[PDB]
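Take a look at this one chain, the form deposited in one PDB entry, written out in structure tokens.
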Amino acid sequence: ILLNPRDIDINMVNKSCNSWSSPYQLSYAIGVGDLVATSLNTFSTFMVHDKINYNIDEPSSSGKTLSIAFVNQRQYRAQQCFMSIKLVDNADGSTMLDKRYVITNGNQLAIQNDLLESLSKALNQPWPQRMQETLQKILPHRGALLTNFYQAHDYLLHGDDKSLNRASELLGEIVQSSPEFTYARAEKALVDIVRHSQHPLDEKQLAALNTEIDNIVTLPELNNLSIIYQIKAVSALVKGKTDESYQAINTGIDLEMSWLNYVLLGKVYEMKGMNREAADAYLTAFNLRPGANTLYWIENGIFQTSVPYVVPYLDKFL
């Protein structure tokens, strides 16, 4: 296989460090990892394979690996686990970046902004204005909200009804505490239409939801964000408005190249009766973020999809 220098794998190692993580700071590393992958995929000509949730260590054409590893002071063999982040050029096996981070009470944002600035330099990849404004709009600016928001994100990833109820409740507690974090209201609205899709005959819930949505998609602080087209795409899908769903989701994709946007495009293709196009979107989502969470969303997200029938290549690959 020829290595491609513009092809980056993101890995996580030692998920069971020593002390003391734990979902405590694991959903943090997961969130930073996903944020990095999706920023690069959206705003640069790097292709990122986010393999944080992937079990198999297969052969890849990836010229760079970004590794997140949990490491204890060792001097004890197992204590307060520092976060080790290395960018390796797999062409030579040399280290282009080596960071060691200790989590604290108010450095979560710092750690992440320092990671982003440092990746910009190491990859000679300045970040476009559109990425800067996007990060400002999409992320809370206090550490504690960041912790809670990425925990919510971790429930969204799992994707089962129970997980979504918890994402939705966590996002509601965020919103009640900090009404000004508008993006979280947008995320809540999205988890909420996804949950409501499972109770199709509950029209009173549909009416409450159309209201929460209409009072979100109009907001100015959310103009030009993907979240807003994801909400419209799923809301239109649930209502059978396949063409509005298609146009919303392709606009969402233009704004955010995410595993989730491609799953949703796959769903819209299925509804349209175009299974080869669906399979294509799904295998794209799976390349972007391979593993059980994406697999679960392909198979169950919004409605059930038979992977043997719609995406046989993926059954055979796994």
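For every residue, the number given is its place in the sequence shown, counted from 1. We call the rigid core the largest set of C-alpha positions that still match within 1.5 Å between the two forms. Shifts are known only where both forms have a C-alpha.
Note that the form deposited in another entry isn't included here; everything after this is about it.
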Once the rigid core is superposed, exactly one of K162, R100, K121, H199 has its CA displaced by 2 Å or more between the shown form and the other one; which residue is that?
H199
Take the rigid core as the frame of reference and indicate whether the C-alpha of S21 shifts by 2 Å or more between the shown form and the other one.
yes
Would the C-alpha of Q75 be classed as shifted by 2 Å or more between the shown form and the other one after rigid-core alignment?
yes
When you overlay the rigid core, is the Cα of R142 off by 2 Å or more between the shown form and the other one?
yes
In that other deposited form, whether the C-alpha atoms of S163 and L201 sit closer or farther than here (change of 3 Å or more):
closer
Considering a change of 3 Å or more, are the Cα atoms of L201 and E212 closer or farther in that other deposited form than here?
closer
Using a 2 Å C-alpha criterion and requiring 3 or more consecutive residues, which regions move between the shown form and the other one after core superposition?
18-21, 74-79, 142-144, 198-205
